[PDB]
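**Student:** The following block contains the structure, expressed as structure tokens.
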Amino acid sequence: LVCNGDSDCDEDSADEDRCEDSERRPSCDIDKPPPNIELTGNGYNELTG
Amino acid sequence: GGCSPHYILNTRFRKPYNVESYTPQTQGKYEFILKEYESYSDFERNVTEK
């Protein structure tokens, strides 16, 4: 996943540090995730809901 | 660094390093209360002596 064209480290992006764009290849046609997929990653509190 | 993809609608945003989430959790709550009160009182008295 290092030097790959995706930020596979999430908060850091150190895998994409110091990477030549001539060495990169297009990882995918697109980058756009589904419209609110981040909500699927939230925790949940069962009491408060 | 950052440069993870973050979107809202079709616009893409650079999340600051300090921010863990800024997320369009969208909700709306409306409240309407209307209380109309009327009272009226009428008292006519007549007294006649001849």
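Ligands are numbered from 1 in the order shown, residues from 1 within each chain, and chains are lettered A, B, ... in the order they appear in the structure tokens.
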Could you work out which residues of chain A fall inside 7 Å of chain B? Count only C-alpha atoms, and format the result as a list in words.
**Tutor:**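 Every residue meeting the condition is included here: residues 7, 10, 11, 12, 13, 31 and 35 of chain A.
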**Student:** Just how far from CA of residue 19 (chain A) is CA of residue 32 (chain A), in Å to one decimal?
**Tutor:**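 Going from CA of residue 32 (chain A) over to CA of residue 19 (chain A), I get 22.1 Å.
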